[PDB]
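Per the deposited numbering, the sequence shown runs over residues 1 to 60. The beta-carbon is built from N, C-alpha and C at its ideal position, and this holds for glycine as well.
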Amino acid sequence: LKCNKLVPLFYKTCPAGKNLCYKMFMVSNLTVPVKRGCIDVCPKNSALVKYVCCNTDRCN
């Protein structure tokens, strides 16, 4: 359950309250991640700002 906040900040372990990791960003240069965080709802996406949900180490 060790995730990171943003990119230039990273985070650590956010156990309790949350349960999975979640990244949110959009197209810019080569499919690059801009937002992350540990939460419990990462459903739906879009075409400009897509949200992904991780749940295994390197991401939560």
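Cα-Cα separation, residue i to residue j
| i | j | result |
| --- | --- | --- |
| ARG36 | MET24 | 6 Å |
| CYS21 | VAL32 | 16 Å |
| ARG58 | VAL41 | 18 Å |
| residue 72 | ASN60 | Missing from the structure shown is residue 72; the chain here goes from 1 to 60 and no further. |
Extent of the continuous beta strand (DSSP E) to which residue i belongs
| i | result |
| --- | --- |
| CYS3 | Per DSSP, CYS3 belongs to no beta strand (DSSP E) and is neither H nor E. |
| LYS50 | 49–54 |
| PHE25 | 20–26 |
Presumed contact (8 Å Cβ cut-off) between residue i and residue j, rounded CB distance
| i | j | result |
| --- | --- | --- |
| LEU1 | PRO15 | 4 Å |
Proximity to residue i [Cα-Cα], best of the options
| i | options | result |
| --- | --- | --- |
| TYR51 | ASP57, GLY17 and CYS38 | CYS38 |
| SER28 | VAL49, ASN4 and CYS53 | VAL49 |
Are the stretch 5–15 and the stretch 42–54 touching, with three or more C-beta to C-beta distances below 8 Å? no
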